[PDB]
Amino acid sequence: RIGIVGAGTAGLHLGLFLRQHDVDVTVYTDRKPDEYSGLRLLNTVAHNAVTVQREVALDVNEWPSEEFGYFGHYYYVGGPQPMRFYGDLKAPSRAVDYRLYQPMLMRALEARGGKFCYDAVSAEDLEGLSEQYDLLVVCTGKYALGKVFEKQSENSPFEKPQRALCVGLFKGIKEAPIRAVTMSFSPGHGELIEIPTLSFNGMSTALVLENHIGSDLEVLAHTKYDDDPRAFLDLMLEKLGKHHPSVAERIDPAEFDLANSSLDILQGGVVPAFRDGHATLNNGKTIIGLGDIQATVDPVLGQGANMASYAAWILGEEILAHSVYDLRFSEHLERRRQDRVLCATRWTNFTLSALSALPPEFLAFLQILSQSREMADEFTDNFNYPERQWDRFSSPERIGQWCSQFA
């Protein structure tokens, strides 16, 4: 009845939802559940409280957020006079290695009647699959399926990576007084997101290094661990030492290494893109884009996974409520999902550009944020709601209005 091209958080959450309402689902993915452990580190993004609520509703709360998650954000922002402050999440967020998490979802879906076809799907296959199901949904960007959905230029200002990425899971990093993410900014050099992450060997810490192009931190995206582990580790230690010291001071150098293996490191760049939420094929049938295919987001704000889960839930509801899946159905869908998903893109793109250029109104925001606990709490919890973050950041007047609410 419903065909899903691609597993991942979007496809599996959609499949699990539809399966609760006795809808026939088939998922097309290339990797078997028992073949995930050896994959290179996937999307290191955390799942927020709202996504966790969906997991509870979908009966896939394998690793509870209160036991395995984190409860707020520590903030570090560097320079000659560094700022150190904290904001609470109202309910815990949680990061679990996707190499453990995705197979869990796949096994839960299969056990509940969801069918799996373990085969690689490319653009040429889409027309044939569209005639096999009432609706075809594609949520994976791999095998170049992203090219099927037209790029929206008005929502895609960047054409190349804005940061040089070095993302890894590490051992030997002590936990802060409270289990929390640390967001560290080295002015003109880079961002670090430290995320407590459950992986193979237990609780480790993810280091998401969003390094500026041409900065003192860019080398970390180009130096290979497998070329010389000691040299990589030494370089990491000194770079964190001077750029992200609030994280660095909790590192034990004797224990500092990757959490499991050299597979726990991912280096490169992400081109942010916002695309059409639907595509019309040659046979006249409409297919629906979900998750990464509709929006490729830079991981700095950790929005990707939460947007995938959110849109999957809405699309699931809309599949039940409608019987004709055409342009009108597509309109209904976008009306419900677009704002939050688009705002996650807009808030991420704004933040990347604001961090590099450092505009007057943004610097004034960082100052009031550091000096107001109540503002830090609100800003932190609003990571769960990117639409209301864009309500704050969309204009200099809105930034100023929000700042005046506190001091």
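Position 1 is the first residue in the sequence shown; the rest follow in order.
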{"property": "Mean Cα B-factor comparison, 186-194 or 157-165, giving the higher one as deposited", "result": "157-165"}
{"property": "Stretch exceeding the other in mean C-alpha B-factor - 144-152, 72-80", "result": "144-152"}
{"property": "Largest Cα B-factor, entry values, listed residues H332, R99, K90, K115", "result": "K115"}
{"property": "Deposited CA B-factor, highest of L327, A295, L301, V181", "result": "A295"}
{"property": "Assigned third (lowest, middle, highest) for the C-alpha B factor of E210", "result": "lowest"}
{"property": "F85, C-alpha B-factor rank within chain (lowest, middle or highest third)", "result": "middle"}
{"property": "B-factor third for the C-alpha atom of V341 within its chain", "result": "lowest"}
{"property": "Ranked C-alpha temperature factor of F232 among modelled chain residues, by third", "result": "middle"}
{"property": "Entry-reported Cα temperature factor of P103, expressed as the chain third it lands in", "result": "lowest"}
